[PDB]
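Colleague: Curious how this folds, go ahead:
(7 chains)
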Amino acid sequence: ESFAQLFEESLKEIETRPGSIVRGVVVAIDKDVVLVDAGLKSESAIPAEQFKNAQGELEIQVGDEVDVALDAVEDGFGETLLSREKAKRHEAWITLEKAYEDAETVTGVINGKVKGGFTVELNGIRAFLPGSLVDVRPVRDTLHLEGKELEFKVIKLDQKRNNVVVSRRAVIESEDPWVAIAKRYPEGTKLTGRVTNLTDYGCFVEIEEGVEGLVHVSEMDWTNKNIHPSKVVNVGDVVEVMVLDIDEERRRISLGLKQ
Amino acid sequence: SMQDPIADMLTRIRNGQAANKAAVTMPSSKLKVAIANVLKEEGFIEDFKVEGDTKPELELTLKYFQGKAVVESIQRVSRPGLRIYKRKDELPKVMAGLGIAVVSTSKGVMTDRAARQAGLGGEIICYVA
Amino acid sequence: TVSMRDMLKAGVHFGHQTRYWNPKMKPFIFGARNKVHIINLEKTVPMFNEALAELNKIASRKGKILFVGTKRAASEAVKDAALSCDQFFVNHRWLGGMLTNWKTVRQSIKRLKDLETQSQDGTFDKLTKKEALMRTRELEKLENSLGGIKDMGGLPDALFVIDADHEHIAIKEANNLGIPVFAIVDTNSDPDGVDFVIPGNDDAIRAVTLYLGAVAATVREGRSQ
Amino acid sequence: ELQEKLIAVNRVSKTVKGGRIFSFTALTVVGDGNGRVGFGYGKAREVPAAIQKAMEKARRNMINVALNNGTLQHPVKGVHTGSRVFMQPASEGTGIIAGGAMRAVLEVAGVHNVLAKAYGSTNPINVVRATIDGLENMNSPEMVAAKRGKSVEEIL
Amino acid sequence: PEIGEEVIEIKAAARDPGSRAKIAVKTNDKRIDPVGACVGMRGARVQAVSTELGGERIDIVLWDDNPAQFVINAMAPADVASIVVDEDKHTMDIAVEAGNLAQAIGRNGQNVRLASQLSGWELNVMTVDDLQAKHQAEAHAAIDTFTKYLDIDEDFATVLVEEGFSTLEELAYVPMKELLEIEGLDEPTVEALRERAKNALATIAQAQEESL
RNA sequence: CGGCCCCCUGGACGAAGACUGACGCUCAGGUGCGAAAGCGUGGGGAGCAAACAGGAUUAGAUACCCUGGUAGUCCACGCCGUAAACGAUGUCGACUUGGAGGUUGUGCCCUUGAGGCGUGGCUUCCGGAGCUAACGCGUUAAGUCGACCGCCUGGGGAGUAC
RNA sequence: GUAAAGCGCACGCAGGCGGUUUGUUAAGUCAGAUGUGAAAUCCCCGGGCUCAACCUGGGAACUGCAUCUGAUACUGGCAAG
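Modeller: Numbering: from 1, shown residues only, chains lettered A, B, ... in the order given. Take a look at the structure below.
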């Protein structure tokens, strides 16, 4: 009756769009596809590579629950955008928690400055940093034991572009993209960027606040023409890329990957 | 411009029958009302309902028997471009009597059979089958 | 028989997106949630019950039921359902003109049966290797295609289908011959050819399974009767 | 009990690398002398086979027609593609006044008395189809009464 | 060959080889016509079986639906009009007219047995008048049994059994609201009179206790 | 109809209200506007380029290609009144399932963000019913109807002769 | 639309058509009557030439026009909205 109408609004009330409500129960595993059901129109064709943790083997059997992501519906049949992105929100919450007490305390091990700043990795993911943040002072972890264990103390974050730089050592110590597009510019600032779609001439890695990069086809590897990008890297993966070139005018930042 | 209201009525009805519309609405007029009443009497429609004071809206309710529509055919005969008037002997028979022909007469608008019974002809509005 | 809560749990109420729908399904739709159509369970349930009753009646008079799903997600399940009530099924690609052009396919069935016999009952082994491999391959092909319908004999007396738009060929065949059709019809699908439509999520696995299980139970009941 | 009339047979060609391959089309119609009627349009390299096919096809997909005694229930029009057809019920004794393919279908249908003209095209195939259409759409008094929620005497 | 390719549904073949061989057959509604195919051009295939194993009166009946239509079909080739029914042993009571009974019955010991196995059970060929004769021999008896059911006054019982269909024998399980339309229905008493009949049945069971 | 500016100027759409109160639709004759080429008179003339000249090509090449090159193209004021002036689809009005866009308004909504929910105008593509000889058209109809006009009646002769 | 056939586009007189409600009129419209609509011809029922053609009695028809008396739904006129 209005039973059903009340239920419809109830079920509205007890779900949300993003990957927030850990609801999808893993109802079939086979390699290389995991599948869930989060109260959506269809079941998600999940990769296995969203769900193996830090050493390469699976961690969740049948019945286990992780939320995925939404706001994109039915490319022709199916439902979702993947769940690790959901994990990105949890990582963002942990990073924000710092604000409360002005200190987020984890493990942070930064061996080398990709784009000027040491790369700091939190449990599964690894993020890239600006130079100063790796070290509180000129200490320079190159003389520290390789991949050492301290923490991360935040020096700098870009706040729209997920670039976060953190201070590994020294426990005692405690429109918009295109006007000032000179930050990752100079010649060779490398970046950690997720690829989006490979257009058979390109890969379209683009992460840094609403920009677009192309590592198109020529570099990508150390073979030129017989390469077919889909074979050689991935879909949806954070990689080594750097700028190599910027247009601020015709908005074509032409990244590379042969580096 | 709108020149023939009745014909517009009939077309609306036809389109509703085609499209399996339950009910068909349109601005009301007295002649339209009477036509609707005649149809209801002759059972091609379920019920008609006028509603409104300043600009009232006639709403007919269409009829469907075993899926398909009831009003198999509905044509104007008289039209502004060319009027048709018939004398009682000359009155027609739609579908060999199975259908009807709405005819306006001095004593009101009625089906062709009714007019014949009365003993008078008039302006042939529309055939319905 | 099948309750509304269970259907909701399964995910029947979910239906395709709002750019992929069919306006003939507008009656069966309730609303559109997050730019996805919702099927009206209030209107779905009674008709599903009806369809079940008809299927039962068919069974009671010793009717032959054919279960069609070639979605390759619920192929396993449709086969399982068919077997539970020992009825017939087409879980892989429907052969164009399986029913209309039965007489030809009947030979196909016969060849398959003969091959099966050779494989099993003969116990003759001693066959040229390549030839033996070829015969095996033929067996596999024919099993995949016509495994469920091999014991069918003639033409079914009713046709249960999991997706109308996907199996429209089978539906059209049934209509041409006049076989009763019992279709699960999502919002994108066309239900005009269907006799006993069923608005439900053809895609979701659990919903499909639920549909199948109730159908199987009512077939078994009719057989018992 | 069924009667069957081959209306027409026509030779049709297909050009190939060698030359012209000829074949034959057979347009037949069958009926039981009552409401029921069905046409078939067969094709084969030889004539008898093609007519056999036409008979087979006609025998299936038949269609019923509501006949008031020997004639029709009211004037009816039917069209198909070019062939537009008018046919009109007529008094006993008049016979089938109709031309060609149309005639044939009427006879098998078991109508005995009609006045009937084929306007437009007279392509046998299309015109027989149009006839069948006019016969199918034609409804009876009882049918219209049912449609309209009345008795037969109300409609007369 | 249609039957061979599952096109002519042939269930039972209640026939008497050496005399008459009438058998009904069903078909999936698809412009097939089962008997027609079994007969052929002017009994083309019918003649084959006619002079097959020996001069036999082979017959084909267009099976309609269920067992009710099988009854009449089993009376063919003749003219059935009506028939009675029951439970396990329904006993199809053939209801025809004397004039048509001559052919319907055909031979005392021939069509009475050939059509008996037609339905698989047994038939009881009767007459149109016979039916009515037995029909009334049933109305009086739910009454024609010394009235051992409800019972009250007799003057009211006559006026009640006038309108009463099938007497009162176990009639409480039927519509308990149409006898209230009868001129004279205040408080539930006739609805109670039927209850008395139910009590009479219990009394009859008590009589069985008197005898068992 | 295309660089900016200014001056004069026509239409369209939306938002609410307020007013008039059928004043409307169509239109034979009639009147006006009407690409390019073309004409007249007077200016102008960079580039391009009918005509023309030479060089090639070719059997020939009164062409295609190359080198030049004048009318014209440009401006002012007149005339011409035609084009595959095409959506090869007259104008006006009403009604009939959908999807994906573009553009331009406008109402509400926490714009919590580039958004969310509507509601108007114009517009591109696909496609349902229906229509169609088929191709296709398909709420911008070639569907279902009404009003008015224009036009067609085998091909040529001929849109020519008088 | 492509078969012949949408003026290149507009404005616009004459002309054609005209939202909705009430009142009135009664021109159109419808009904009835009267007068006429020559006879012959056509058609119906009959009759006479042996039949037929042919002749012939009576009817019907001559779809119209004119008038008078009504009807007023529609169209028109007039008056108010």
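Colleague: what residues are up against residue E:58?
Modeller: Contacts for residue E:58 (Cβ atoms under 8 Å, 6 or more residues apart in numbering or on different chains) come out as E:15, E:20, E:21, E:22, E:23, E:46, E:49, E:50. C-betas here are computed from N, CA, C, even on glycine.
Colleague: State the helix or strand in which the closest residue to the fifth one other than its chain neighbours lies.
Modeller: Nearest non-adjacent residue to residue E:23, counting by Cβ to Cβ, 6 or more residues apart in numbering or on different chains: residue E:13, 4.8 Å away. Taking DSSP states H and E as the criterion, no element holds residue E:13; it sits outside all helices and strands.
Colleague: Touching, residue D:120 and residue D:80? I think so.
Modeller: No - checked against Cβ atoms under 8 Å, the pair residue D:120 and residue D:80 is beyond contact range at 9.8 Å.
Colleague: Of the two, which one has the most company?
Modeller: residue D:80 (20 against 15; other Cβ atoms under 10 Å in any protein chain shown).
Colleague: check contacts around the more buried one.
Modeller: Residue D:80 touches D:126, D:127, D:129, D:130, D:133, counting by Cβ under 8 Å, 6+ apart.
Colleague: can you tell me which of those residues are in helices?
Modeller: D:126, D:127, D:129, D:130, D:133 (DSSP state H).
Colleague: And the helices in chain C?
Modeller: C:4-10, C:41-60, C:75-84, C:102-117, C:129-146, C:168-177, C:205-224.
Colleague: tell me the contacts of the residue lying closest to residue A:53 once chain neighbours are set aside?
Modeller: The shortest distance from residue A:53 to any non-neighbouring residue, by Cβ to Cβ, 6+ apart, is to residue A:59 (5.0 Å). Contacts for residue A:59 (Cβ under 8 Å, 6+ apart) come out as A:51, A:52, A:53.
Colleague: between those residues, which is closest to RNA strand G?
Modeller: Nearest to RNA strand G out of those is residue A:51 (Cβ to the nearest atom of the strand; 57.6 Å).
Colleague: and stretch E:26-45, which residues are buried?
Modeller: Residues E:26, E:27, E:28, E:32, E:33, E:34, E:35, E:37, E:38, E:39 are the ones in stretch E:26-45 that count as buried (16 or more other Cβ atoms under 10 Å in any protein chain shown).
Colleague: and if you look at stretch A:27-46?
Modeller: If you call a residue buried by 16+ other Cβ under 10 Å, then stretch A:27-46 has these buried ones: A:29, A:34, A:35, A:36, A:37, A:38, A:40, A:41, A:42, A:43, A:44, A:46.
Colleague: That one near chain C anywhere?
Modeller: Yes - for stretch A:27-46 and chain C, the contact criterion (Cβ under 8 Å from any Cβ of the partner chain) is met by A:27, A:28, A:37, A:39, A:40, A:41, A:42, A:43.
Colleague: got the residues of chain C near chain A?
Modeller: Residues of chain C lying near chain A (Cβ under 8 Å from any Cβ): C:4, C:8, C:11, C:14-17, C:20, C:30-31, C:33-36, C:38, C:40-42, C:201, C:203-206.
Colleague: Inside strands: which ones of the residues you listed?
Modeller: Members of the residues of chain C next to chain A lying in strands (criterion: DSSP state E): C:14, C:15, C:16, C:17, C:30, C:31, C:36, C:38.
Colleague: Now do the same contact list for residue C:79.
Modeller: C:89, C:91, C:148 are the contacts of residue C:79 under Cβ under 8 Å, 6+ apart.
Colleague: Which of those ranks first by neighbour count?
Modeller: That'd be residue C:91 among these, by other Cβ under 10 Å, with 25 neighbours.
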